[PDB]
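Q:
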Amino acid sequence: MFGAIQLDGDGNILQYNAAXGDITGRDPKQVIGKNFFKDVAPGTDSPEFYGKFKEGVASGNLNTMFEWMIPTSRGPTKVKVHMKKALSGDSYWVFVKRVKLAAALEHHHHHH
Ligand SMILES: COc1cc(/C=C2\SC(=S)NC2=O)c(OC)cc1O
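Here it is as structure tokens:
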């Protein structure tokens, strides 16, 4: 099971998946139509995240791969976020997969 969020150049939700909806606890249509950075995740709205998304949009190829934190009622949840421009060239998809559990060997440096 993987998560996929289809957003537009404006930063709105166009297509939502069920997986993400279950992991987050929000319906697809409930989030679709509104801003995922303003409505869904108002806190995520930052120059490091949103700023990067916009830049890629203007260039016509947003390629970013990193990890993000998702604070929930059951505690924080570390997931790997990846934003890649659409294939048609008129949209953007965001892949979110729950990273591995507490590993032993040194990894995920520069932990926030
Ligand atoms: C509700 O759905 C999502 C939420 C978040 C993040 C949040 S929510 C919050 S509060 N603080 C975050 O960083 C997310 O991050 C990649 C994906 C989702 O599909």
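Numbering (the deposited numbering), first residue to last: 1 to 112.
Virtual Cβ for every residue (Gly too), placed ideally from N, Cα, C.
(1) Within this structure, are the beta carbons of residue 25 and residue 57 separated by less than 7 Å?
(2) Give every residue of the same chain whose Cβ lies closer than 7 Å to the Cβ of residue 81, excluding the five residues on either side of it in the sequence, and list them in chain order.
(3) Does ligand 1 have a heavy atom nearer than 6 Å to the CB of residue 43?
(4) State the CB to CB distance for the pair residue 6 and residue 91, rounded to an integer number of angstroms; the pair is presumed to be in contact (CB under 8 Å).
(5) Starting from residue 75, trace the beta strand (DSSP E) both ways and give me its first and last residue.
(6) Contact defined as beta carbons within less than 8 Å: I believe residue 83 pairs with residue 105. What is the distance between those atoms, to the nearest angstrom?
(7) Does residue 75 pass the burial test, meaning 16 or more other C-beta atoms within 10 Å, or should it be called exposed?
(8) What I want to know is whether the C-beta of residue 24 ends up closer than 6 Å to one or more non-hydrogen atoms of ligand 2.
A: The short version:
(1) Not closer than 7 Å, so no.
(2) Closer than 7 Å at the Cβ level, and outside the excluded window around residue 81, lie 66, 67, 68, 94, 96.
(3) Under cutoff, so the answer is yes.
(4) With 8 Å as the limit, residue 6 and residue 91 qualify as a contact, their Cβ atoms being about 6 Å apart.
(5) In this chain, the beta strand (DSSP E) harbouring residue 75 covers 75 to 85.
(6) Between residue 83 and residue 105 a beta carbon distance of about 27 Å is seen, past the 8 Å cut, so the two are scored as non-contacting.
(7) By the neighbour-count rule (16 or more Cβ atoms within 10 Å), residue 75 is not buried but exposed.
(8) Ligands in the displayed structure: ligand 1; ligand 2 is not one of them.
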